[PDB]
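Each remark here refers to the structure printed beneath this line.
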Amino acid sequence: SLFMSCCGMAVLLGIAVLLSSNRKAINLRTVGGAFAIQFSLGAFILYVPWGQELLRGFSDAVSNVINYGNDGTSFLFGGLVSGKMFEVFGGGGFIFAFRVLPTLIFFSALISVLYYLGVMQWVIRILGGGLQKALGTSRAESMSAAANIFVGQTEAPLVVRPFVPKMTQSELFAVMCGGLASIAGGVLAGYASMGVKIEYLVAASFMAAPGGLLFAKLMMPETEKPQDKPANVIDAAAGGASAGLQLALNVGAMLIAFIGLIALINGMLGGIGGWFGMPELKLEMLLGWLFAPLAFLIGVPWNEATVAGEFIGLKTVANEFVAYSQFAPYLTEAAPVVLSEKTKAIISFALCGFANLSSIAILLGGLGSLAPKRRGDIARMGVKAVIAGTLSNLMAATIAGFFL
Amino acid sequence: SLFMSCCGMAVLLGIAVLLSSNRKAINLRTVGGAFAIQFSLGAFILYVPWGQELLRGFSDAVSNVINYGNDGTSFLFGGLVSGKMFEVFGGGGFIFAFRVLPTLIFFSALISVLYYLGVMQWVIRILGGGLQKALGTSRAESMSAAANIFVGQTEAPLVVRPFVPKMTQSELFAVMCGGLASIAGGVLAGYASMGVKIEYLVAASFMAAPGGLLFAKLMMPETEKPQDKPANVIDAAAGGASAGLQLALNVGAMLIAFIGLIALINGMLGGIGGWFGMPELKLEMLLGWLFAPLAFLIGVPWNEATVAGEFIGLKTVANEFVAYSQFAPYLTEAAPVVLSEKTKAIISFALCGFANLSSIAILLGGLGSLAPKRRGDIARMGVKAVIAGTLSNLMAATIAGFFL
Amino acid sequence: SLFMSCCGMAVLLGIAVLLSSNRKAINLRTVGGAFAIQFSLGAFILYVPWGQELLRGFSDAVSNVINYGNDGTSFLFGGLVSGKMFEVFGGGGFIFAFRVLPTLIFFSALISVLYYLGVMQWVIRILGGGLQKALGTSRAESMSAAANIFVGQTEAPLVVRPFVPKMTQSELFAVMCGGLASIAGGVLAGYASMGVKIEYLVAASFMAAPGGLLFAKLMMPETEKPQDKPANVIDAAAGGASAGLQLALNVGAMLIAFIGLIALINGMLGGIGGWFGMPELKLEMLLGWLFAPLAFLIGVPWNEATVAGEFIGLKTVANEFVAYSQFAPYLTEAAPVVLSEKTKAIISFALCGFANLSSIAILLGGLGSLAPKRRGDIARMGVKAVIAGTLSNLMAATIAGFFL
Ligand SMILES: CCCCCCCCCCO[C@@H]1O[C@H](CO)[C@@H](O[C@H]2O[C@H](CO)[C@@H](O)[C@H](O)[C@H]2O)[C@H](O)[C@H]1O
Ligand SMILES: CCCCCCCCCCO[C@@H]1O[C@H](CO)[C@@H](O[C@H]2O[C@H](CO)[C@@H](O)[C@H](O)[C@H]2O)[C@H](O)[C@H]1O
Ligand SMILES: CCCCCCCCCCO[C@@H]1O[C@H](CO)[C@@H](O[C@H]2O[C@H](CO)[C@@H](O)[C@H](O)[C@H]2O)[C@H](O)[C@H]1O
Ligand SMILES: O=c1[nH]c(=O)n([C@@H]2O[C@H](CO)[C@@H](O)[C@H]2O)cc1F
Ligand SMILES: O=c1[nH]c(=O)n([C@@H]2O[C@H](CO)[C@@H](O)[C@H]2O)cc1F
Ligand SMILES: O=c1[nH]c(=O)n([C@@H]2O[C@H](CO)[C@@H](O)[C@H]2O)cc1F
Ligand code: NA
Ligand code: NA
Ligand code: NA
C-alpha cells in the first residue's frame, strides 16, 4: 500500500546520507524542515481540497497565458498551426517545431517583462525569505532556490550575482542543486504544449525549491560560515524574445540530433543483440530493465515499472526534454501502453528536472561566468550535484504518488 | 480642406521649435531648405506627372527584384510557398515566416553586393552632396542621412565611420535622427510583401533624408564647429546573407513574442476594463483613443482617425514592424474596416520609420561601437531623437495626404 | 576512346607543373605516388569487383545512418516530411529546408561523438600514416589530408593544431589544399539526400586525400625542412548538434540569397543580352559556354559538355552546394536534359569539393585562428590553393570517367 512509498522516501534519504560529505555536520533543522516543507507542499496542493483548487487555478492561468502567446505563433506560421493540418496529415498535423518551440520564445519574453516590472523579484523575495527563516539556510542560496521555480539553472543565480564568488562550498553546491532539481518557465510551457499536465509541472517546480535544498544540505552540509537592466519594458521583452529564440534553436537542434542518434543506437543494438539471440534489443529496453527497480521503489506498480523506467532512465542519461518527447505519446488516446493515472503522475514528476550530466557543462559556463575563480569547484561537485538533483525529482515523484 | 494639412505641418514644426535646445541658434537656411526639399520631393513624385512616373518605374523595378529573390525562397520551402497553400488553407496558406522573412536575407545580400561594387556609395555621394550644398549641413551627417534611405540606422553611419567619434553633438543627433526617421531596404521589401504599397515605402524612404535633417536641426541646431571590405563579390553576398539571416531570426522572434504579449495584455485589459463596465477593452482601443487626435491633425478623416490611431500608436509604443503586421489586413479585400485610399497612404507613410524607444538601445550598440566614448551622448539624446524621428514620419504623412 | 581521358589527366598535371613555385623542387616520389594512389584507389573501388563491393557496402551503411538520423527530423517537422506532402504538393512536397538541412545537424553531432570515442582519430591515424610512408609527406599534413575525407576544411587541421603555427609554407599550402579538394561528412549526407549517388560522394571524398597532396606538392613543393574535449559523450553530441545548426542556418541563408541573386542576374542578362540579339541570355549559358571545353577535356561527351559546364562553372564561381542544387533535378526522372550515366558521374565527382574563392575567407578565419601569425601566408596562397583544389576535383572526375 502506502508503505512502499514511505520506504521509497526513506531509501532516497538514506542514499543522500550515505553520500554525504559529512553526516555529523548535517543540520537536522535544515534537512528536517526541508523535507517537511516539500512533503507538506505536496500534501497541500495534491490532497487538501483548498490547495488542490489553488493549484488548479494557477495552472489554468498558465494555460491561458500559453494560448495568448500562441497568437504570435499563429501569425508567423498561419495555416501550418491550424486545425486543417489535422485533416490533411492526421496525427502528423501537429508540427512540433511550430507548435512547441515558439512557446519558449514567448515565455522568455514574458519572464523578462515580469523581471523588469519587479513582479518576479517580489515573489522570489517572499518565497526565498520563508525558506531561510524555516531552514536556517543562507539568504543568497534561499533566493536562488526560489528563483529556480520560475527560471532556469543559469538564470536563477542572477538574483544573487554579487554574492556568488564568495559563497561557501555548501552554498555553491545548493545553488547548483536548485537548478538541477528544477526546470524553467519557458520549457514548462513547452512540456505542457506536448500534453504534460500543467498541474504536475507547476507542482514539481514549487516542490523543487525545498527539495533542492534538502538533498544539497544532506549531501553537502554547511561546514563554513556564510556572509551577509533594460532601458524600458519594451527592451525587456525584446531581450527575452532573443534569449528564447536561441534556446528554441538549441533545443530543436538537440532533439533532431539526439532522437536521430537514439535511432542509430537502436539499429546497432539490433545487430549486437542479435548475436545473443536478442535482435529486438533497443535502448528503451536497456533503460527500462535498468531503471525498473528505481521506478518500483518510488511507487510505480510492478506491471508498469519497466515502461516507467524507460523514460526515467532516458531523462537521466540524456535530458528531460528528450524523455518527455518519448513519454508524451503515452498521454494521448493513441498511447502504445495505457498507464495508470498514478504512474503517469509519477513519471511526470520524476522527469521534471534539469538533473543530467550535460547540465554540468551548462552550469560551468553560466554559473561559472558569475564567478570565474569557482569553476574548479563547480566541476568538482558536478556529479554529486546531479545526483542530489535526481534524488530531489525522485522524492517529489514519490510524494506525488503517495497522495494519489 | 487642405487647410487642415497645412495646420498639421505647422503644428509639427512648432512642436520641434518648442523642444529645441536653442531656438535662436536655428539656421533658417538649413531648416527652411530641408522642409522645402521634403515638401518638393513629395510634390514631385506624388503630384507632378513625370515624378509620379519615375516613382512608379522605380517601384516596379523593386517589385521585380523581390520576385527574383523569391526564387531562392521557393527553392528552400517548395510547396509551402506555392499556390496550393491557398487551396488547402485558404487565407492561412500565406505563411509569414516563409513568405516575408526570407526576403530580408536576399535583400541584405543584394545591398552588400551593391556596396562591394560601389553602386551604393555612388548614389549616396550624389544625394548626400546635394543635401549639404543646399542646407549647409556638414559632409558626414549629409551622407549618413542619404545612406539611411537604403540601409538601416546602424549601417548608414558606416559610410562616415572615422568621422563619428569627433562629431559635434548636433551632428551625432542628426545621424541618430536620420536612422530613426527611416527604415531599411531589407524590411521595405518585407513590408511590400505584406501588401504595403511599394510607392509609399520608396517615397517615405527618400523623404526621410531631408525630413530627418529638418527636425534634427530644429530640435538640435549646430552650436559647435564641425570638421572636414570583403575579398570578392561572392564573399560580399555571403556576408549580407548572414547578416540578413540574423535580422530575419530577430524579427521573427520579436513578432512571436510581441504579438503574443499584446494578446495577453488584451486578456488582462478585458478583466480590468470589466471593473469599469468595459469588458471589451483592448490595447488597440487605448492606442486608437489616444492617437486619434494626432491622426486627425495629419489629415486623417474624422471617421477614420481612431482606426488610424491604433496603428500609429502601436508603431510608436513598440515598432513599425508590429504596426504593419496589424495594418496589413486593412490593405486586402478582407479588411475589417474599409479605409479611404488617402487614409491608407497616410498610415503607410506615418508608420515608415524606425522611430521608437527600443531603437535607442539599438543605436547605443551599433552606432556606439563606432564611437565608444560617445555612448553617454547617445543615451542622453535618445528620447529627443526618437521624437524628432517621429515628427519626420508624421510630416511625411501629412505631405503625402496633402497631394492626395 | 580512353585516350581523351588520359590526355585530360596529362593536361591537368601539366597546368599544375606550369603553375609550380619551383618545378625543379618537385619530388617525383611524392607527386608520382600521390597520383598512383588516387588512380589506383579509383581503379579499385570503381572497376575492380571487390573494391566496388566494399564501396557499395560502405555507401549503404552511410545510407542507413541517414535514414536513422531522419527520425529526429520526422519528430520535429512531422507531416511536413511525410509521404502526404507528395500527394498534396506533388514534386513541391519535397521541402528542402526540412529534408536536407536537418541532416547537417544530425551528422555533425555524430561526427563529434565519433571523435569523443576515438573512432575518427583511429581511422585518420591509419590513413594519414599510410600516406606519409608512401609519399614522404610530413606527419602533420598527411593527417590533415586524411581527416579532410570525413570533416570540413576548418575542422580537419584540428587534429594537428599545435603543429600548424610552425608549418612550412608547403605544409600550410597542402593543409589548405586538403580542405579545398574535399567536402565534409555533414554536407555529403545533404547532397546524398538531394539525389546525388552516395558511392560517388564517398569515392570522391577518399580520393581527395591523395589528390589534394598531389596538386599541392606539384604547385608548391617542399623547399624547407618540416618538424616532428567535451566532458562526456552526451556533451560531445550536443556540441556537434549546435555546430551543425549554425552550419544549417548558414547554408540555408546562403542558398536563399545566391539562388535569388542568380535569378536577378538572369533577369538583367535578359535585357543586356537583348541588346545583342540574345534576350534568352542567362548565367547558365555563360558558364556552360565557358566551361564546356573543360568538361570535354575531363571526359564529357561532346553533346553533353555544355550542360556539364553549367554546373562545373557554377561550383567554381560560387560553391558546390549551389551547383548541386541545380544539378540535382538532372538526377531524377523529371530531368530537363537526360544525361549519360558517365556524364552524371563526372559532374558528381567534379563538383565534390569546397574549391572556390569564398572558401579562402573561410580558411582565413578557421585555419587562421589556429595560427594568427600565418594569416598573411594563407591569403597569399589562397588563389593558388583554390586552383590546386579545383585540379584535384577535376582529376578525380577524369579518373572516374575513365573506369566508367
Ligand atoms: C542517449 C543514450 C545513450 C546514453 C549513454 C550514457 C552516457 C553516460 C556516460 C558519462 O560519462 C562520464 O560523464 C562524466 C560527467 O561529465 C565525466 O566526468 C567528467 O566531468 C565530471 C564532472 O565535473 C568530473 O567530476 C569528472 O572528473 C570528469 O571526468 C566522465 O569523464 C565521463 O566518463
Ligand atoms: C506594446 C504594447 C504596450 C506599450 C507600453 C508602453 C511602454 C513605454 C514606456 C517607456 O519607458 C521609458 O522608456 C525610456 C526610454 O528607454 C526610459 O528612459 C531611459 O532611457 C532614456 C534614453 O536614453 C534615458 O533618457 C532615460 O534617462 C532612461 O531612463 C525610461 O526609463 C522608461 O521609463
Ligand atoms: C554567382 C554567379 C556570378 C559569378 C561572378 C564571378 C565573380 C568572381 C570574381 C572574383 O574576384 C576576385 O576574387 C579574389 C579572391 O578573393 C580577390 O583576391 C583577393 O583575395 C586573394 C586571395 O587571398 C588575394 O590573393 C588577392 O590579393 C585579393 O585581391 C580579388 O580581389 C577579386 O577581384
Ligand atoms: O532554461 C534552460 N536552461 C538549461 O540549461 N536548459 C538545459 O537544456 C536541457 C533540456 O531542456 C536541460 O536538461 C538543461 O540542461 C534548458 C532550459 F530550458
Ligand atoms: O535594419 C534594421 N535595423 C534595425 O535596427 N531594425 C530595428 O528593428 C525594428 C523593427 O523593424 C525597427 O524599429 C528597428 O528598431 C530593423 C531593421 F530592419
Ligand atoms: O563544413 C563545412 N565547411 C565549410 O567551409 N563549408 C563552406 O560552405 C560552402 C558550401 O558547402 C563550401 O564551399 C565551403 O566553403 C561547408 C561545410 F559544410
Ligand atoms: Na530552475
Ligand atoms: Na535608414
Ligand atoms: Na574536408
Side-chain angles (χ1 to χ4, degrees), chain A residues 104 107-108 111 113 116 151-156 179-180 182-188 190-191 229-237 243-244 247-248 250-251 254-255 258-259 261-262 265-266 283-284 286-287 313-324 353-367 375-386 389, chain B residues 258-259 261-262 265-266 283-284 286-287 313-314 316-319 322-323 356-361 363-364 375-386, chain C residues 113 116 229-238:
Chain A
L104 309 187
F107 255 80
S108 310
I111 291 175
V113 165
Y116 175 86
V151 297
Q153 55 185 346
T154 49
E155 283 67 42
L180 293 171
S182 54
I183 51 167
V187 287
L188 184 149
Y191 300 148
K229 185 185 180 68
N232 58 74
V233 65
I234 313 297
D235 293 17
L247 174 61
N250 292 339
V251 169
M254 176 272 297
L255 287 172
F258 282 21
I259 295 180
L261 283 171
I262 289 179
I265 289 174
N266 288 338
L283 178 60
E284 302 83 71
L286 295 176
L287 292 175
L314 186 60
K315 172 249 185 179
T316 300
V317 304
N319 60 75
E320 83 292 346
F321 221 120
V322 185
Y324 276 134
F354 287 175
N356 62 82
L357 295 178
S358 293
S359 285
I360 302 176
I362 302 298
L363 290 175
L364 273 180
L367 178 59
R375 278 191 165 96
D377 300 331
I378 300 174
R380 189 227 306 133
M381 294 181 298
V383 175
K384 288 302 183 64
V386 173
Chain B
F258 282 21
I259 295 180
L261 283 171
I262 289 179
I265 289 174
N266 288 338
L283 178 60
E284 302 83 71
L286 295 176
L287 292 175
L314 186 60
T316 300
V317 304
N319 60 75
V322 185
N356 62 82
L357 295 178
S358 293
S359 285
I360 302 176
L363 290 175
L364 273 180
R375 278 191 165 96
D377 300 331
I378 300 174
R380 189 227 306 133
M381 294 181 298
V383 175
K384 288 302 183 64
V386 173
Chain C
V113 165
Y116 175 86
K229 185 185 180 68
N232 58 74
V233 65
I234 313 297
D235 293 17

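The chains referred to below are lettered A, B, ... by the order of the sequence lines, with proteins before strands, and numbering in each begins at 1. Atoms within each ligand, like the ligands themselves, are counted from 1 in listed order. Values below: all heavy atoms of this structure, side chains included; hydrogens, waters and symmetry mates excluded.
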Legend entry - Flag: protein heavy atom within less than 4.0 Å of atom 6 (N) of ligand 4: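 Yes; the ligand atom in question has protein heavy-atom contact below 4.0 Å.
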Name the closest protein heavy atom to [atom], giving the residue it belongs to and the distance to 0.1 Å.
atom: atom 8 (O) of ligand 4; answer: A/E320 OE2, 5.0 Å
atom: atom 1 (O) of ligand 4; answer: A/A184 CB, 3.8 Å
atom: atom 18 (F) of ligand 4; answer: A/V187 CG1, 3.1 Å
atom: atom 2 (C) of ligand 4; answer: A/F354 CE1, 3.5 Å

When rounded to the nearest 0.5 angstrom, what is the spacing between [atom1] in [X] and [atom2] in [Y]?
X: A/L261; Y: A/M254; atom1: CG; atom2: CE; result: 11.5 Å
X: A/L357; Y: A/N319; atom1: CG; atom2: CG; result: 11.0 Å
X: A/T154; Y: A/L367; atom1: OG1; atom2: CG; result: 9.0 Å

Legend entry - A/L247 and ligand 4 - part of the residue with a heavy-atom distance under 4.0 Å: side chain
Inset, instruction - Answer with side chain, backbone, both or neither: which part of A/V251 has a heavy atom less than 4.0 angstrom from an atom of ligand 4? - result: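 It is neither; nothing of A/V251 touches ligand 4.
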Tabulate distances under 3.5 Å between N/O atoms of ligand 2 and N/O atoms of the protein, writing both atom names on each line.
unit_1	atom_1	unit_2	atom_2	d
ligand 2	16 (O)	A/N232	ND2	3.0
ligand 2	23 (O)	B/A379	O	2.5

Using side-chain heavy atoms (C-beta onward) and a distance below 4.5 Å, is [X] in contact with [Y]?
X: A/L283; Y: A/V317; value: no
X: A/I234; Y: B/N356; value: no
X: A/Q153; Y: A/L180; value: yes
X: A/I111; Y: A/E155; value: no

Legend entry - 4.0 Å heavy-atom contact, A/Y191 with ligand 4: yes
Inset, instruction - Would you check whether A/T154 reaches within less than 4.0 Å of ligand 4, judged by its heavy atoms? - result: no
Legend entry - For A/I362, atoms of ligand 4 separated by under 4.0 Å from a heavy atom: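 Those qualifying, in numeric order: 5 (O).
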Legend entry - Proximal atoms of ligand 4 relative to A/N356 (non-hydrogen, under 4.0 Å):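 Those qualifying, in numeric order: 13 (O).
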Inset, instruction - Identify whether NZ of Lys or CZ of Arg in A/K315 sits under 6.0 Å from the centre of the six-membered ring of A/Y324 and within 45° of that ring's axis. - result: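 No, A/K315 does not sit over the ring of A/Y324.
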Which pair of non-hydrogen atoms, one from [X] and one from [Y], has the smallest distance, and what is that distance?
X: C/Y116; Y: C/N232; answer: OH-CA, 3.3 Å
X: A/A355; Y: A/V386; answer: CB-O, 3.9 Å
X: A/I360; Y: A/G382; answer: CD1-C, 3.5 Å
X: A/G186; Y: A/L104; answer: O-CD2, 3.1 Å

Inset, instruction - Output yes when the distance from some N or O of ligand 4 to some N or O of A/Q153 is under 3.5 Å, and no in every other case. - result: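 Checking ligand 4 against A/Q153, an N or O pair does fall under 3.5 Å apart.
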Legend entry - Check: A/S359 N/O within less than 3.5 Å of ligand 4 N/O: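 Min N/O separation from ligand 4 is below 3.5 Å for A/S359.
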